[PDB]
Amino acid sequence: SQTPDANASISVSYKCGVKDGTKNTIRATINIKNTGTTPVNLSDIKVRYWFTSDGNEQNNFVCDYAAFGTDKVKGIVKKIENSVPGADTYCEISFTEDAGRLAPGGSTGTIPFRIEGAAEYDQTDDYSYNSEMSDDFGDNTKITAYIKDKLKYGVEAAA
């Protein structure tokens, strides 16, 4: 019986991006799909990307494209106080109130983003990194996604 907001479901698919010779940029692309039977508002969706910042105290998020406008995508980067395997930092991606809604079976398509540091990142020790998904989008369950702050996709980096 549950009601609409308990049967709402999303999934995220992921593509690892390129790395060059400066190595101070994390690149990745996500796609958010509505896999349930009711419409979801993008403003109720958050996505987290978990990583180790490798000494960088400044980690800046930028969204480079979204079908509905980059100006509708927000990101913040927060430190994690305690120690968890593969993450001392997370990047939390959210959407503004006018980003729109996803119908059932709808998806955002590609949302590429960068996290930029002053110093080099080693991505092999980042929880959310999966280099096997370089050629194609894959089911990276080490990125998590929330609807109204409830976990709906993935497995959280766990103390």
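Quick note: we count residues from 1 along the sequence shown, nothing fancier.
Novice: Mean Cα B factor from the PDB record: higher for 94-102, or higher for 43-51?
Specialist: Averaged over C-alpha atoms, the B-factors run higher in 94-102.
Novice: Which is higher in the entry, the mean Cα B factor of 136-144 or that of 13-21?
Specialist: Mean B over CA atoms: larger for 13-21.
Novice: Could you tell me which third, lowest, middle or highest, the C-alpha B-factor of residue 72 occupies within its chain?
Specialist: It belongs to the lowest third of the chain when residues are ordered by C-alpha B-factor.
Novice: Lowest, middle or highest third: where is residue 124 by Cα B-factor in its chain?
Specialist: Middle third of the chain for residue 124's C-alpha B-factor.
Novice: Within this chain's modelled residues, let me know which third the CA B factor of residue 56 belongs to: lowest, middle or highest.
Specialist: Highest third - that is where residue 56 ends up once the chain's C-alpha B-factors are sorted.
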